[PDB]
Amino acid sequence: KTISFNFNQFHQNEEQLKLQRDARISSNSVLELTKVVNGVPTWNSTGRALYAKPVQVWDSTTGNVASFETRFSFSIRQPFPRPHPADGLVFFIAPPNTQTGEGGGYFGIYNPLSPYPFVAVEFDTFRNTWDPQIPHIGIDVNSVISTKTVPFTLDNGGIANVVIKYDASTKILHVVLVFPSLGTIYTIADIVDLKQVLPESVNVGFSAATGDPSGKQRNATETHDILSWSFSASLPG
C-alpha cells in the first residue's frame, strides 16, 4: 500500500509519536531530542523520537521493496565552540520496539550489547576515532562507521533543510542538506538494499546525543532540534 504522515509542528504530548529518554517537545512547538535546561544544552544527554506506528518497507510475499521520501528541518546550536561540540543527530530506520542504545558517538542507535540492524543518515559534529573531519553527513548501515561521508559547514543555530529519498528500483539512497540562510547545498548518495538489512516492518525516527561523561567535558554539547517532519512511503502490492 502507501502510508504517509506529516507534522508541520509538534504539540506537547504528540499521540502520533513515541518520545524516549531525554526527547521532549518544547512549549513553542519544536522537538528537542537532547536536553536543554533554561535555554542551555547539557551534556550526558540522549533522546529519540519514533513514529508511533510501524511502516512496511518491504513485503516478503511479493518480494517488492518500498520507495520513500522524507523531509525535515533541524537546527543545531553550538553555544560552546571550545573544546568541541558533540555529538550530532541522525534519522534512522530500525526494527520496531527497539530501545535507546549507547549515547555519545553512537547517537543512541547502536547497542554494543544487543546490536539491532538499522539504516541511518547522520549529521556528525564530533570526531570519534572512526570519523573523518567534522561536521559531516554520513550514511550508516548497522554501524556508526559510515559507508560514505561528505563534509559540511554548519549554520550555528540556523535552520537546515534535509531531503532523504530512497528509490527501490535503483537502491539509491540520496540525501540533500541545505542551509537556506547560507545558500549552501550538500549532497550524498549510496547504494543500500533495505530488504537485505531490515525486517519487513520498521520504525522511523530521530535520535541525538550530547557529550558523554567519559569525555570529561561538560562543554561537549549542543542542541538537536527538529522543527518539522514529513514522510511518505510506497510499497506496490
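Residues carry their position along the shown sequence, with the first being 1.
Colleague: Test of understanding: from the entry's C-alpha B-factors, which stretch has the higher mean, 10 to 18 or 217 to 225?
Modeller: Of 217 to 225 and 10 to 18, the stretch with the higher C-alpha B-factor average is 10 to 18.
Colleague: Quick check on the record: does 89 to 97 or 105 to 113 carry the larger mean Cα temperature factor?
Modeller: Comparing 105 to 113 with 89 to 97, the higher average CA B-factor belongs to 105 to 113.
Colleague: Out of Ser67, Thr46, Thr184, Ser27, whose C-alpha atom has the biggest B factor in the entry?
Modeller: Answer, based on the entry's C-alpha B-factors: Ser27.
Colleague: Within this chain, which third does the Cα B-factor at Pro83 fall in: lowest, middle or highest?
Modeller: According to the entry, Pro83 has a C-alpha B-factor in the chain's highest third.
Colleague: Comparing against every modelled residue in the chain, figure out the third that the C-alpha B-factor of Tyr51 lands in (lowest, middle or highest).
Modeller: According to the entry, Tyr51 has a C-alpha B-factor in the chain's middle third.
Colleague: Among all modelled residues of this chain, ranked by Cα B factor, put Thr210 in the bottom, middle or top third, i.e. lowest, middle or highest.
Modeller: It belongs to the middle third of the chain when residues are ordered by C-alpha B-factor.
Colleague: Where does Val37 sit by CA temperature factor within its chain: lowest, middle or highest third?
Modeller: For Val37, whose C-alpha B-factor we compare with every modelled residue in the chain, the answer is the highest third.
Colleague: Looking at the temperature factor on the CA atom of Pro199, which third of the chain's modelled residues does it land in?
Modeller: Within its chain, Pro199 is a middle-third residue by C-alpha B-factor, going by the deposited values.
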